[PDB]
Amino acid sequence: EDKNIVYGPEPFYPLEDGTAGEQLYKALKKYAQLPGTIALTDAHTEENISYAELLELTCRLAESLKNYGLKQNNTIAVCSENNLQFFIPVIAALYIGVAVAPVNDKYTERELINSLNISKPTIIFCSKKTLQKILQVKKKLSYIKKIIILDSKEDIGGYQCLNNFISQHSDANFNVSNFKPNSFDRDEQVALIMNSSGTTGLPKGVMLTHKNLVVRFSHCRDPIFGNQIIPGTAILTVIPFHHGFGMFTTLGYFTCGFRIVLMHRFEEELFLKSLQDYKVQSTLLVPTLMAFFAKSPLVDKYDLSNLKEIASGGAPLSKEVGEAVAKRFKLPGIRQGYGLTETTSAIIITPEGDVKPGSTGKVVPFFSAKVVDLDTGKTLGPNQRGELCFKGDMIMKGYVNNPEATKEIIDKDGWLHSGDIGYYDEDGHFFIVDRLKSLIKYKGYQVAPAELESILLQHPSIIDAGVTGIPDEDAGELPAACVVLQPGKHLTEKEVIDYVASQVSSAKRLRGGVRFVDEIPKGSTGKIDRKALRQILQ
């Protein structure tokens, strides 16, 4: 009952009033008043956008959009790789209550069409790289009335660039000082529309309101649950802005006044060189990169003494990998957050002063969590694996034009069934075991790939691993593993199999075998492509 529900503590300070756009405006103005403060920095080009510049461009774009005709609750879309201009339309739209629909720049035309069919945006801000595929899909979509190019200073083939759009729809000499964003109902007005397949079905549009965002803004500035770097510190993120993992970490970074160093593509040398050169103290990565930090010798070639806040998210992180990273960088521990697109941001975060190796942290302020038995549905106590369910102020309003799917993930009481298996210890630390759909069905057993992957990652010669089940007529699914080896080292199939067998019960053995590969098929936020693993392991 109530005794088994875990609640987040009170926020260090109460929730700030206003919309997400108002809090972002106040933050940009605030840091813009300090000389030399930089908001965005492209690691590839070394170009930067100061806070003053970002305030000018977001306020001028909000005015240009209002003059153009956009009203409250209209929708725009952003299809662009990570770059300096990405967040200009996001913040400008939040200023005036326009909903933002980020769309993966790597989407095929079919995927792009379905996502745009859900959000139905009036304006699509794209990049030079995505201009052509947008032009292709737009031919089929009547609702798209305008295309703006974010990273070009000149118009291309009859399509307008950001600077010329702003110049066309806003008067030069526009006083930014006097610009004020709109005030509206933050509990009802949608801020962003994110894409997620949820737990079953095809991709859907997740509606996140301004309230959900201001809650995240509270979190990210909380002395206990927020980033542990001071305003002006440099932070490097490799997460894509179009995903909630990147979107709601970076948007909070603006409210903290950090210098956000971004990359549109992870490259080991540019990544480490950027960390040293910008004296980065915080970095946001995925488990594969945590393994890189734990085992790559290249880490020793760069001055990373400034780095102290190393965060991971998006997928299960091996306990031992985290410990190895903390140890190598002589840190008390690492940072982690756990969330879903439907919960806007991370709902379980490692709090300040409270680390527990293997645990992704504790329930964040304004949230409650529970673990329910996968059979009886009943709540469970500490150290009992079940389906993690959540409830709180960052839960989505629902899926766009799809009440059914919303009722299929948010039950009648208000609990969001995440679809992940995990547990919580006696101190309230949560542990994510793995996604339910990822569990391997070996005879009457369900083996968690993350467990075997953690074992594989304990080996000094393995830098990455992906585990899934291969079809079998008698057993159903046989656990098998794809393994990425440390350059210069070698391992046989038998070595890996015996290494795992000596540590796990008979049901978890790698009966499907082992295939060595150059990389593990994974998504941009750490999601292991199980289907691709099976193809490889066949």
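In case it trips you up, residue 1 is the first one in the sequence shown, and so on.
Higher-scoring stretch by recorded Cα B factor average, 204 to 212 or 413 to 421 | Going by the record's values, the stretch with the higher mean is 413 to 421.
So which stretch wins on mean C-alpha B-factor, 78 to 86 or 439 to 447?
-> Higher mean C-alpha B-factor in the PDB entry: 439 to 447.
Whose CA atom has the top B-factor in the entry, of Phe165, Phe245, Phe174, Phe292?
-> Comparing C-alpha B-factors across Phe165, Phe245, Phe174, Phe292, the top value belongs to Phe174.
Reading the B-factor column of the entry, which of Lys327, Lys301, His219, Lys273 has the highest value at its C-alpha atom?
-> Of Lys327, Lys301, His219, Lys273, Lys301 has the highest C-alpha B-factor.
Determine, from the deposited record, the chain-internal third of the Cα B-factor for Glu342: lowest, middle or highest.
-> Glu342: CA B-factor falls in the middle third of its chain.
Select lowest, middle or highest to describe the third in which the CA B-factor of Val517 falls within its chain in this entry.
-> Answer is highest: the recorded C-alpha B-factor places it there.
Pull the Cα B-factor of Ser506 out of the PDB entry and bin it into the chain's lowest, middle or highest third.
-> Highest third - that is where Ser506 ends up once the chain's C-alpha B-factors are sorted.
Split the chain's modelled residues into thirds by Cα B-factor; is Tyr159 in the lowest, middle or highest one?
-> Answer is middle: the recorded C-alpha B-factor places it there.
Tell me, lowest, middle or highest third: where does the Cα B factor of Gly476 rank within its chain?
-> It falls in the top third of the chain.
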